[PDB]
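Participant: I have a structure here, written as structure tokens, and I will follow up with some questions on it.
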Amino acid sequence: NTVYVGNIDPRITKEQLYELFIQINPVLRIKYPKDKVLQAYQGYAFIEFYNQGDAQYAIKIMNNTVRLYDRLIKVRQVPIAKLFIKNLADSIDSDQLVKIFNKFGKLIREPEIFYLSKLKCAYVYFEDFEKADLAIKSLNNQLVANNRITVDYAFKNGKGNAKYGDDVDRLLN
Amino acid sequence: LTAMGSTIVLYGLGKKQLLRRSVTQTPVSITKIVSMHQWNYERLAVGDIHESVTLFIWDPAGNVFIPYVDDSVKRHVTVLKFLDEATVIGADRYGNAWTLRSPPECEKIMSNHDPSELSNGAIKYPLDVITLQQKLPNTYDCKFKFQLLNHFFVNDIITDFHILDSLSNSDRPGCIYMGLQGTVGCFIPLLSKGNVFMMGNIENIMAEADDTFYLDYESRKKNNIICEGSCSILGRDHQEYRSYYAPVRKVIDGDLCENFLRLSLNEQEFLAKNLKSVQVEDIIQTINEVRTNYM
Amino acid sequence: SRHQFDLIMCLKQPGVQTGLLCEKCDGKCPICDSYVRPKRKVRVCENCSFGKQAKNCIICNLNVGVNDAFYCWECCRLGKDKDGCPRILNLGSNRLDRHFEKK
Amino acid sequence: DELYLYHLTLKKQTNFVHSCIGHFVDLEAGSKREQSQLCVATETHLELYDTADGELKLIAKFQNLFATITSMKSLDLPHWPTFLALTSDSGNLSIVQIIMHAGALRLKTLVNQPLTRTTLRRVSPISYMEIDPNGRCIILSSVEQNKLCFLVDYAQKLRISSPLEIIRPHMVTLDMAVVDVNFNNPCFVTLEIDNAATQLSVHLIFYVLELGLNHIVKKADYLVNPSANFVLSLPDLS
Amino acid sequence: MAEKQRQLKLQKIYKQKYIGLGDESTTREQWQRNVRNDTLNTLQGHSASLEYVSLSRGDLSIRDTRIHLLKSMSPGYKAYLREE
Amino acid sequence: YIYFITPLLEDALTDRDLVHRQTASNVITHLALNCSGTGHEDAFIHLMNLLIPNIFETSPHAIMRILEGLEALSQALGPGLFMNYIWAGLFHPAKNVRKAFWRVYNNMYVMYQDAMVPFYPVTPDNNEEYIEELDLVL
Amino acid sequence: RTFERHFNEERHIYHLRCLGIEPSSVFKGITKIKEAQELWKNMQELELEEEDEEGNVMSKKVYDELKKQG
Amino acid sequence: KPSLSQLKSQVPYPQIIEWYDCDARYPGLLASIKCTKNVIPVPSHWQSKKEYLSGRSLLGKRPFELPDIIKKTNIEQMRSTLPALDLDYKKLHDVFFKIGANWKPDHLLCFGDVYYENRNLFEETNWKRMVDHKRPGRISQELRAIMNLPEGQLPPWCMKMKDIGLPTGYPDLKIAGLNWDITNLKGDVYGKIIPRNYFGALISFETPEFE
Amino acid sequence: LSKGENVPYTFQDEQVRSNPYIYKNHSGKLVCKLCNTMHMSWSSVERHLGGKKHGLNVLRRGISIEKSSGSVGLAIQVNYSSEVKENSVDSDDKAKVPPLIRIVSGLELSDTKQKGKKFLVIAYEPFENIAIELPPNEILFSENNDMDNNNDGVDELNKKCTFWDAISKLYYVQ
Ligand SMILES: [Zn+2]
Ligand SMILES: [Zn+2]
Ligand SMILES: [Zn+2]
Ligand SMILES: [Zn+2]
């Protein structure tokens with residue numbers, strides 16, 4: 001219900017802000033942070049309306065509309081499976097990783113290739129712990145691109161606890 | 001309009017039995033409803049055993065009553081009546097007789113808005129009331145509060161209140177109650193700031209009169225009604241006895257000012273010298289006005 | 001008393017006899033030591049009257065008392081009036097340290 | 001904007017909680033003394049009634065008292081009208097003599113002794129009051145806690161002795177009715193039930209005030225079945 | 001120092017005169033007993049609240065309700081009613 | 001004369017040093033005792049709202065004056081309206097807040113015994129026995 | 001203190017919200033996933049008179065259905 | 001020591017119960033009292049070692065200001081304060097009784113309010129006074145100079161309202177040239193919202209007279 | 001003790017201070033706004049400044065500040081003092097530093113009223129700054145005038161097109 005405001009003159013006072021934005025919509029509160037060191041505001045604010053619709057409408061109407069001391073005001077709005085894999089082949093592109101792990105599970109993000117020791121390793125993000133269980137079951141200690149690869153859980157000691165299965169199960173559901 | 005133990009039910013007539021036209025659940029605090037009253041089918045005031053009172057509105061198309069006001073003190077109500085749209089008289093198990101007024105900040109919102117908006121939808125409330133809702137969910141849960149208007153201690157248990165527009169053609173509408181032990185009493189509103197000042201000064205005279213006789217007695221023994229309780233015959237001060245469970249607010253006792261008529265002339269002229277104002281005869285006039293003229 | 005903590009009052013059932021104050025403590029509420037607006041007479045228990053100790057002031061309990069002692073109006077409103085016998089027992093550290101300081 | 005109110009009691013509280021039997025004032029007769037007369041009080045309200053005409057008459061309805069009268073008793077003391085010993089809220093024993101003053105009867109106070117604190121409360125030595133039938137001592141008590149006795153004397157001015165205490169900390173008292181005596185010694189009986197007990201035990205207890213040593217004595221303590229109600233005194237049997 | 005040492009003493013005295021006064025640690029039972037005694041004393045003391053209880057309980061006599069309230073101040077009175 | 005001086009007590013009860021908070025409460029005693037029952041009572045709620053946080057304050061002189069202040073405000077507000085603040089930390093875990101509030105509850109209990117009876121926070125399931133007769137209605 | 005600020009954060013609100021418990025202030029006492037579920041479980045009739053006058057037992061929506069069939 | 005989750009389940013308003021409420025000697029009873037109807041919680045500066053006031057908030061407080069009613073009495077000019085009196089007794093007596101009979105402070109406080117250290121009322125009163133005077137459809141001359149928006153000229157957001165429509169929270173808002181006449185635009189107002197006796201009415205007001 | 005300096009009250013809305021910290025609050029007592037300390041007498045204040053905690057607060061404020069904050073061309077001939085006042089200051093303190101020019105956008109001014117054009121500001125230590133409005137978007141903005149030699153001085157602008165006749169005190173810019 002709160003909208004961000006920016007490009008504010010430090011000479012602007014909370015009174016002037018309120019008088020401005022009440023024209024658009026009823027404003028529940030205005031948090032307009034000040035530096036208590038210098039007693040000087042930082043040129044931005046947070047304006048909390050009563051509901052969301054007033055916030056969105058205010059964003060639409062008041063963005064880049066008004067110049068306060070020539071300054072044009074800005075108005076704006078404002079946990080997953082992971083697998084460590086070791087001994088990868090240098091011929092394996094991240095896209096080839098994607099094609100490998102898609103059949104096992106849907107990737108929430110892209111894998112991350114990093115070198116340890118020289119030693120090609122990667123992190124693979126799955127949306128499911130069970131799909132990752134399939135990826136480990138089939139892919140663990142398996143020869144691809146003429147190189148034996150090891151698939152396990154990435155450390156945090158690693159993922160795959162019981163609470164991990166429960167809360168990941170919930171985040172999926 | 002009937003009250004279950006917790007919840008309020010509104011029955012219409014039917015053949016073979018009578019049926020439920022509406023049902024309204026009460027807020028958490030209310031356990032039983034001892035007594036309740038309406039204002040011209042627009043509003044309700046609902047009493048409890050333990051807690052005090054809560055005012056509702058009949059909301060059509062919502063078919064429900066929505067509380068807009070609560071009270072800030074635990075009060076055990078035997079009986080309740082609307083004095084006006086915004087104010088209420090009630091009585092207590094323990095002998096209190098009190099009157100509550102809904103605050104104006106609430107009344108502007110009540111006059112300027114429809115009932116359907118209150119339950120759901122947006123009435124924009126001042127930030128203060130909100131922050132009180134987050135900060136004190138148990139107290140202010142029903143927004144605003146009552147402001148205590150009158151409070152008085154009459155040792156009976158008032159069974160019935162009766163509000164009357166006129167008593168024997170009189171101008172001032174009175175409210176006459178009747179208690180458990182049997183009694184009748186009348187609260188008359190004083191319409192002026194002057195007459196309440198005269199009656200106020202008379203109550204202040206008669207209040208400590210037992211102290212005045214005594215300190216006079218001592219002072220005249222030093223340089224030249226023996227008991228401390230001489231004029232009270234007992235030990236209670238008027239403010240203490242009449243306060244007790246809570247301070248009297250605007251109610252000035254006319255049964256104390258009525259004893260001044262029965263004092264001897266020497267004692268009357270003795271008490272009256274405390275005033276730069278009118279003599280004894282006008283005091284007796286002011287006291288005797290209320291029974292003659294106002295009822 | 002109010003200002004001096006080491007003092008210890010009596011607080012027994014008040015008898016029928018009125019306490020007395022010395023000319024120096026004259027016109028003071030035994031509780032809060034307020035010189036203004038008196039209200040009622042003090043009353044002391046039997047064990048605070050008996051012999052010569054009855055004649056002493058009820059505050060300083062050294063000099064002889066003359067006038068009756070009164071509770072101020074406020075101490076009668078608060079009800080600290082009726083607690084009990086408001087007679088100081090011990091003399092306190094101040095008076096003794098004065099006596100031995102002088103000689 | 002406020003609401004200023006003015007209170008009246010049009011017809012007073014009618015439930016009589018208290019009465020006392022004495023002969024109070026001499027009215028309309030030059031010299032007459034007869035024990036037939038009675039005074040009746042309800043908390044605040046108070047009235048005086050007469051008899052010996054065969055039918056009870058109203059004499060005087062006194063001024064508004066503004067307190068809670070918790071006991072009223074007529075004490076008759078030897079060598080004189082009778083005046084009513086009246087204890088109430090404010091914790092003050094108030095001995096009151098109704099008199100004929102100016103043109104109408106007035107209610108005149110003689111001695112009021114401070115007790116406890118001003119309220120109704122359980123420690124307050126009121127709600128149980130009785131008088132030695134010979135008028136030597138008023139005796140008061142409270143539920144739980146303390147019991148007091150004032151030794152009454154009369155002279156050119158009425159005179160009350162300092163109180164006599166018994167403190168039984170947990171014993172709550174009921175039915176204080178007092179035994180008459182021949183001038184021997186005031187004696188009185190209570191049914192006391194204990195406040196802290198694992199079982200329900202109400203025991204009757206006798207007290208004899210010893211005029212010699214001036215203190216109240218616990219004499220006989222007899223436990224009775226929990227259903228006990230009340231006590232009365234049998235005068236002589238001789 | 002001496003002031004607090006007077007506070008303890010007046011605490012012991014007022015706790016004797018006025019019976020129940022919480023000090024610092026008072027068990028819920030110890031306090032609820034005091035509440036019970038105060039409430040019952042109010043019900044019996046005022047003839048108003050006594051009329052109300054007597055008529056509401058429909059008892060045959062006022063004194064039955066008053067003695068019922070007095071007896072209720074003892075803990076064993078509940079069990080005593082159960083043995084009837 | 002109150003009404004004018006509450007904004008003066010406003011700054012006194014707020015101020016940092018412990019002498020102003022002391023001395024100003026003494027004003028609140030003499031003001032609340034003999035101004036009680038007059039019907040102001042909306043200024044005394046303000047004054048109390050400023051006082052309550054001072055309960056935890058140490059030193060003898062400030063604490064006795066503050067306590068006297070709360071006791072005087074008890075007769076301006078009334079026993080219940082005053083109690084609504086206290087019942088909360090009247091038990092409490094902290095052995096200190098408890099030690100602080102039981103004192104004000106002691107003074108209130110001495111001033112009022114049968115005056116606090118309607119005002120206890122007791123429901124049939126809140127305490128074991130309760131009183132069966134408080135729930136009767138005729 | 002940092003942990004007391006953990007109760008209002010984007011991540012913890014994602015764990016409550018994605019667990020199926022609507023995040024709010026009432027749910028800030030507690031870490032453990034188990035008890036919060038019972039907390040959320042503890043968080044979560046009119047007589048319209050058919051013309052025959054036997055519908056005195058008949059509910060609103062039922063009598064509306066018989067408005068549709070009638 | 002029952003867990004607070006077990007403890008919050010007993011309470012109709014469980015959001016008050018705190019991690020430390022678990023540790024009380026009588027948690028079941030305390031949870032019942034603290035969430036009972038009107039009880040106001042203990043002030044929150046316990047468990048803080050700062051002696052309830054640390055100057056960090058207190059350094060910048062204003063010394064004092066007289067009420068405007070008393071400041072009208074002119075003593076401020078007579079006696080110099082920051083950094084022979086010749087006053088009329090009739091005047092002073094009229095200020096407190098006749099003139100200022102009904103005068104009350106702007107804020108006071110409600111029943112539930114408790115004053116915590118960092119709170120300052122001088123801002124909150126200025127916020128109420130702010131909400132009262134500041135209105136939609138109107139703009140102060142100072143803010144018009146800040147915006148460079150002369151009188152009689154529609155604000156720059158008028159166009160985005162022509163496309164997108166009127167404010168959501170302001171159905172009754174009338175704006176010149178759109179839902180409301182353009183000529184009635186004058187000065188600072190470009191828009192406007194266009195939608196007893198209480199039994200005790202004193203009917204006479206008389207203050208106590210000095211003479 | 002105070003060395004006769006006036007220590008203003010906290011509320012007086014700021015004569016340069018000696019130490020810009022110690023004040024007198026609305027009450028009488030003395031305060032140190034950094035350390036939030038109340039001091040009774042000026043000696044205790046001098047002990048605060050000579051104390052260790054105040055130093056720590058001064059440093060923490062130091063870190064707290066240091067982490068945040070074939071065509072047509074124009075030619076100008078600026079003349080400077082004739083050994084009139086520069087006779088009292090000759091301690092090789094940037095005395096070797098010549099005047100400096102920079103192009104500033106009017107988007108920022110002490111008054112912030114109108115704007116939308118550039119200024120060719122010229123500055124020298126003692127004398128006051130000077131500006132020249134440049135409506136034309138671009139004039140004399142050349143293309144590799146010299147053969148790319150890298151002594152940046154201050155910027156390409158200064159080395160590229162400025163001359164400082166220091167012997168006569170004449171600054172030419174084009
Ligand atoms: Zn003594
Ligand atoms: Zn003395
Ligand atoms: Zn006093
Ligand atoms: Zn410092």
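Scheme for the structure tokens: letters A, B, ... for chains in order shown; per-chain residue numbers from 1; ligand numbers from 1 in order shown.
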Got a sec: who's within 12 Å of residue E:72, counting only C-alpha atoms, leaving out chain neighbours fewer than 4 positions off, as an mmCIF file with N, CA, C and O atoms, in the first residue's frame?

Facilitator:
```
data_model
loop_
_atom_site.group_PDB
_atom_site.id
_atom_site.type_symbol
_atom_site.label_atom_id
_atom_site.label_comp_id
_atom_site.auth_asym_id
_atom_site.auth_seq_id
_atom_site.Cartn_x
_atom_site.Cartn_y
_atom_site.Cartn_z
ATOM 1 N N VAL D 172 -13.973 -15.814 60.236
ATOM 2 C CA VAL D 172 -15.058 -14.953 59.792
ATOM 3 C C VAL D 172 -16.296 -15.239 60.629
ATOM 4 O O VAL D 172 -16.623 -16.398 60.924
ATOM 5 N N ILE D 193 -16.653 -19.237 61.655
ATOM 6 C CA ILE D 193 -16.227 -20.234 60.686
ATOM 7 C C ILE D 193 -14.870 -19.811 60.149
ATOM 8 O O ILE D 193 -14.616 -18.617 59.961
ATOM 9 N N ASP D 194 -13.988 -20.778 59.928
ATOM 10 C CA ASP D 194 -12.615 -20.457 59.565
ATOM 11 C C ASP D 194 -12.501 -20.172 58.073
ATOM 12 O O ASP D 194 -13.103 -20.858 57.244
ATOM 13 N N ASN D 195 -11.713 -19.147 57.737
ATOM 14 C CA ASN D 195 -11.547 -18.744 56.345
ATOM 15 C C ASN D 195 -10.634 -19.704 55.599
ATOM 16 O O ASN D 195 -10.919 -20.064 54.453
ATOM 17 N N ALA D 196 -9.536 -20.122 56.215
ATOM 18 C CA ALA D 196 -8.621 -21.082 55.606
ATOM 19 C C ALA D 196 -8.755 -22.395 56.366
ATOM 20 O O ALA D 196 -8.279 -22.522 57.497
ATOM 21 N N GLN D 199 -11.540 -28.289 55.438
ATOM 22 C CA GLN D 199 -12.907 -28.750 55.600
ATOM 23 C C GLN D 199 -13.761 -27.611 56.136
ATOM 24 O O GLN D 199 -13.251 -26.580 56.580
ATOM 25 N N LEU D 200 -15.072 -27.815 56.104
ATOM 26 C CA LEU D 200 -15.999 -26.786 56.550
ATOM 27 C C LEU D 200 -16.266 -26.975 58.034
ATOM 28 O O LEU D 200 -16.908 -27.951 58.433
ATOM 29 N N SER D 201 -15.782 -26.043 58.850
ATOM 30 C CA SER D 201 -15.931 -26.139 60.296
ATOM 31 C C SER D 201 -16.424 -24.808 60.831
ATOM 32 O O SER D 201 -15.703 -23.809 60.770
ATOM 33 N N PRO D 226 -21.441 -28.461 60.449
ATOM 34 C CA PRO D 226 -21.284 -27.366 59.477
ATOM 35 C C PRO D 226 -22.576 -26.659 59.112
ATOM 36 O O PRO D 226 -22.523 -25.572 58.525
ATOM 37 N N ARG E 33 -8.278 -16.055 46.092
ATOM 38 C CA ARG E 33 -9.015 -16.169 47.345
ATOM 39 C C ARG E 33 -9.426 -14.795 47.860
ATOM 40 O O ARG E 33 -10.577 -14.587 48.262
ATOM 41 N N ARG E 36 -12.248 -13.513 45.770
ATOM 42 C CA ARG E 36 -13.475 -14.180 46.189
ATOM 43 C C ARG E 36 -14.057 -13.564 47.454
ATOM 44 O O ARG E 36 -15.254 -13.249 47.503
ATOM 45 N N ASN E 37 -13.230 -13.375 48.483
ATOM 46 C CA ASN E 37 -13.715 -12.793 49.727
ATOM 47 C C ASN E 37 -14.260 -11.382 49.542
ATOM 48 O O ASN E 37 -15.347 -11.082 50.051
ATOM 49 N N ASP E 38 -13.544 -10.520 48.818
ATOM 50 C CA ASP E 38 -14.062 -9.182 48.548
ATOM 51 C C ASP E 38 -15.417 -9.236 47.853
ATOM 52 O O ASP E 38 -16.373 -8.582 48.292
ATOM 53 N N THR E 39 -15.509 -10.002 46.763
ATOM 54 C CA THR E 39 -16.754 -10.075 46.007
ATOM 55 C C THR E 39 -17.911 -10.540 46.879
ATOM 56 O O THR E 39 -18.978 -9.912 46.895
ATOM 57 N N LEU E 40 -17.722 -11.639 47.616
ATOM 58 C CA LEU E 40 -18.799 -12.134 48.470
ATOM 59 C C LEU E 40 -19.193 -11.097 49.514
ATOM 60 O O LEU E 40 -20.385 -10.903 49.789
ATOM 61 N N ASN E 41 -18.210 -10.398 50.088
ATOM 62 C CA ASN E 41 -18.543 -9.372 51.070
ATOM 63 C C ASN E 41 -19.366 -8.251 50.454
ATOM 64 O O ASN E 41 -20.246 -7.692 51.115
ATOM 65 N N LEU E 43 -21.444 -8.645 47.874
ATOM 66 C CA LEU E 43 -22.764 -9.202 47.605
ATOM 67 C C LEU E 43 -23.620 -9.218 48.864
ATOM 68 O O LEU E 43 -24.815 -8.909 48.820
ATOM 69 N N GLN E 44 -23.024 -9.577 50.002
ATOM 70 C CA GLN E 44 -23.813 -9.670 51.227
ATOM 71 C C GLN E 44 -24.020 -8.305 51.874
ATOM 72 O O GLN E 44 -25.066 -8.058 52.485
ATOM 73 N N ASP E 64 -30.981 -16.732 54.391
ATOM 74 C CA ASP E 64 -30.413 -17.915 53.751
ATOM 75 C C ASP E 64 -29.369 -17.544 52.711
ATOM 76 O O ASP E 64 -28.328 -18.204 52.619
ATOM 77 N N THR E 65 -29.628 -16.506 51.916
ATOM 78 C CA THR E 65 -28.644 -16.084 50.928
ATOM 79 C C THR E 65 -27.433 -15.456 51.597
ATOM 80 O O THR E 65 -26.294 -15.702 51.185
ATOM 81 N N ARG E 66 -27.657 -14.649 52.634
ATOM 82 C CA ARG E 66 -26.531 -14.021 53.315
ATOM 83 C C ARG E 66 -25.619 -15.062 53.947
ATOM 84 O O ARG E 66 -24.394 -15.009 53.783
ATOM 85 N N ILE E 67 -26.197 -16.023 54.661
ATOM 86 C CA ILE E 67 -25.387 -17.067 55.274
ATOM 87 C C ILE E 67 -24.779 -17.967 54.211
ATOM 88 O O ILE E 67 -23.672 -18.484 54.384
ATOM 89 N N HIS E 68 -25.470 -18.157 53.088
ATOM 90 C CA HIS E 68 -24.850 -18.859 51.971
ATOM 91 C C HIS E 68 -23.578 -18.157 51.517
ATOM 92 O O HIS E 68 -22.549 -18.808 51.301
ATOM 93 N N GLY E 76 -13.895 -25.438 52.186
ATOM 94 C CA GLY E 76 -14.578 -26.710 52.286
ATOM 95 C C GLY E 76 -16.077 -26.634 52.091
ATOM 96 O O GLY E 76 -16.759 -27.661 52.133
ATOM 97 N N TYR E 77 -16.608 -25.431 51.874
ATOM 98 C CA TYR E 77 -18.048 -25.298 51.721
ATOM 99 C C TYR E 77 -18.561 -25.913 50.428
ATOM 100 O O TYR E 77 -19.699 -26.391 50.400
ATOM 101 N N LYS E 78 -17.760 -25.905 49.360
ATOM 102 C CA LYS E 78 -18.168 -26.586 48.137
ATOM 103 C C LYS E 78 -18.395 -28.068 48.392
ATOM 104 O O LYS E 78 -19.492 -28.591 48.161
ATOM 105 N N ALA E 79 -17.364 -28.759 48.888
ATOM 106 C CA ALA E 79 -17.482 -30.187 49.155
ATOM 107 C C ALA E 79 -18.617 -30.476 50.127
ATOM 108 O O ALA E 79 -19.316 -31.488 49.992
ATOM 109 N N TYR E 80 -18.821 -29.595 51.109
ATOM 110 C CA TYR E 80 -19.927 -29.784 52.041
ATOM 111 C C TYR E 80 -21.271 -29.817 51.328
ATOM 112 O O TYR E 80 -22.155 -30.589 51.716
ATOM 113 N N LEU E 81 -21.451 -28.993 50.294
ATOM 114 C CA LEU E 81 -22.700 -29.042 49.543
ATOM 115 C C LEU E 81 -22.831 -30.354 48.783
ATOM 116 O O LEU E 81 -23.947 -30.828 48.537
ATOM 117 N N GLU F 129 -12.828 -21.265 40.998
ATOM 118 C CA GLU F 129 -14.124 -21.196 41.664
ATOM 119 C C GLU F 129 -14.992 -20.070 41.110
ATOM 120 O O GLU F 129 -16.196 -20.256 40.901
ATOM 121 N N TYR F 130 -14.399 -18.912 40.856
ATOM 122 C CA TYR F 130 -15.111 -17.685 40.492
ATOM 123 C C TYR F 130 -16.197 -17.448 41.548
ATOM 124 O O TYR F 130 -16.008 -17.772 42.725
ATOM 125 N N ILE F 131 -17.342 -16.895 41.155
ATOM 126 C CA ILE F 131 -18.524 -16.796 42.004
ATOM 127 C C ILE F 131 -19.727 -17.060 41.112
ATOM 128 O O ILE F 131 -19.983 -16.293 40.178
ATOM 129 N N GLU F 132 -20.485 -18.116 41.406
ATOM 130 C CA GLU F 132 -21.600 -18.456 40.532
ATOM 131 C C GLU F 132 -22.678 -17.382 40.514
ATOM 132 O O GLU F 132 -23.444 -17.312 39.549
ATOM 133 N N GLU F 133 -22.742 -16.537 41.541
ATOM 134 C CA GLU F 133 -23.834 -15.584 41.698
ATOM 135 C C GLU F 133 -23.641 -14.286 40.921
ATOM 136 O O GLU F 133 -24.617 -13.553 40.735
#
```

Participant: Give me the residues near residue C:14 as JSON, numbers by chain, where near means some atom within 8 Å (using only C-alpha atoms) and where sequence neighbours in that chain fewer than 3 positions away do not count.

Facilitator: {"C": [43, 44, 45, 46, 84, 85], "D": [114, 115, 162]}

Participant: At a cut-off of 9 Å around ligand 4, and using only C-alpha atoms and all ligand atoms, what residues come up? Please write them as an MDAnalysis selection string.

Facilitator: chainID I and resid 21:22 31:37 45 48:49 51 53:58

Participant: Please identify every polymer residue within 6 Å of ligand 3, using only C-alpha atoms and all ligand atoms, and present the set as a VMD selection string.

Facilitator: chain C and resid 29 31 to 34 71 to 72 74 to 75

Participant: Name the residues in contact with stretch 6-22 of chain G at a cut-off of 7 Å, using only C-alpha atoms, excluding same-chain residues fewer than 6 positions from it; report them as a ChimeraX atom specification.

Facilitator: /A:167,170-171 /G:28,40

Participant: Can I get the selection written as a PDB file, in the first residue's frame, with N, CA, C and O atoms?

Facilitator:
```
ATOM      1  N   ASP A 167       9.798 -28.142   3.995  1.00  0.00           N
ATOM      2  CA  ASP A 167       9.541 -26.757   3.617  1.00  0.00           C
ATOM      3  C   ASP A 167       9.697 -26.538   2.116  1.00  0.00           C
ATOM      4  O   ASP A 167       9.008 -25.688   1.544  1.00  0.00           O
ATOM      5  N   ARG A 170       6.486 -27.559   0.768  1.00  0.00           N
ATOM      6  CA  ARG A 170       5.463 -26.533   0.957  1.00  0.00           C
ATOM      7  C   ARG A 170       5.629 -25.392  -0.042  1.00  0.00           C
ATOM      8  O   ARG A 170       4.659 -24.979  -0.688  1.00  0.00           O
ATOM      9  N   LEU A 171       6.852 -24.869  -0.180  1.00  0.00           N
ATOM     10  CA  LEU A 171       7.105 -23.815  -1.160  1.00  0.00           C
ATOM     11  C   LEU A 171       6.670 -24.229  -2.558  1.00  0.00           C
ATOM     12  O   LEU A 171       6.179 -23.393  -3.327  1.00  0.00           O
TER      13      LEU A 171
ATOM     14  N   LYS G  28       3.983 -13.982  14.785  1.00  0.00           N
ATOM     15  CA  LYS G  28       5.338 -13.748  15.265  1.00  0.00           C
ATOM     16  C   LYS G  28       5.382 -14.002  16.772  1.00  0.00           C
ATOM     17  O   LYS G  28       5.214 -13.107  17.604  1.00  0.00           O
ATOM     18  N   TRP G  40      -2.368 -21.823  12.721  1.00  0.00           N
ATOM     19  CA  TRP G  40      -3.181 -21.443  11.571  1.00  0.00           C
ATOM     20  C   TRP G  40      -4.500 -22.201  11.535  1.00  0.00           C
ATOM     21  O   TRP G  40      -5.509 -21.660  11.069  1.00  0.00           O
TER      22      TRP G  40
END
```

Participant: Could you list, as a PDB file with N, CA and C atoms, in the first residue's frame, all the residues within 7 Å of ligand 2, counting only C-alpha atoms and all ligand atoms?

Facilitator:
```
ATOM      1  N   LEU C  21       0.363  18.706  70.257  1.00  0.00           N
ATOM      2  CA  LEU C  21       1.549  19.193  69.567  1.00  0.00           C
ATOM      3  C   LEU C  21       2.207  20.297  70.376  1.00  0.00           C
ATOM      4  N   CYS C  22       3.536  20.319  70.355  1.00  0.00           N
ATOM      5  CA  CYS C  22       4.280  21.394  70.988  1.00  0.00           C
ATOM      6  C   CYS C  22       4.116  22.684  70.188  1.00  0.00           C
ATOM      7  N   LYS C  24       6.277  24.307  68.841  1.00  0.00           N
ATOM      8  CA  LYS C  24       7.162  24.302  67.684  1.00  0.00           C
ATOM      9  C   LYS C  24       6.552  23.532  66.521  1.00  0.00           C
ATOM     10  N   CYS C  25       5.974  22.367  66.798  1.00  0.00           N
ATOM     11  CA  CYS C  25       5.287  21.565  65.797  1.00  0.00           C
ATOM     12  C   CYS C  25       3.836  21.983  65.614  1.00  0.00           C
ATOM     13  N   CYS C  57       4.666  16.210  72.658  1.00  0.00           N
ATOM     14  CA  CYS C  57       4.228  16.353  71.278  1.00  0.00           C
ATOM     15  C   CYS C  57       4.248  15.001  70.585  1.00  0.00           C
ATOM     16  N   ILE C  58       3.320  14.798  69.644  1.00  0.00           N
ATOM     17  CA  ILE C  58       3.213  13.501  68.987  1.00  0.00           C
ATOM     18  C   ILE C  58       4.127  13.380  67.779  1.00  0.00           C
ATOM     19  N   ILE C  59       4.797  14.459  67.379  1.00  0.00           N
ATOM     20  CA  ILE C  59       5.730  14.409  66.260  1.00  0.00           C
ATOM     21  C   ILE C  59       7.149  14.263  66.793  1.00  0.00           C
ATOM     22  N   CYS C  60       7.625  15.275  67.518  1.00  0.00           N
ATOM     23  CA  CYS C  60       8.988  15.263  68.031  1.00  0.00           C
ATOM     24  C   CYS C  60       9.139  14.457  69.315  1.00  0.00           C
ATOM     25  N   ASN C  61       8.038  14.186  70.021  1.00  0.00           N
ATOM     26  CA  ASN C  61       7.978  13.435  71.277  1.00  0.00           C
ATOM     27  C   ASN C  61       9.093  13.820  72.244  1.00  0.00           C
ATOM     28  N   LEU C  62       9.408  15.111  72.301  1.00  0.00           N
ATOM     29  CA  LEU C  62      10.388  15.619  73.249  1.00  0.00           C
ATOM     30  C   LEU C  62       9.780  16.769  74.042  1.00  0.00           C
ATOM     31  N   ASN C  63       9.469  17.867  73.360  1.00  0.00           N
ATOM     32  CA  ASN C  63       8.823  18.998  74.001  1.00  0.00           C
ATOM     33  C   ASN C  63       7.398  18.639  74.413  1.00  0.00           C
TER      34      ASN C  63
END
```
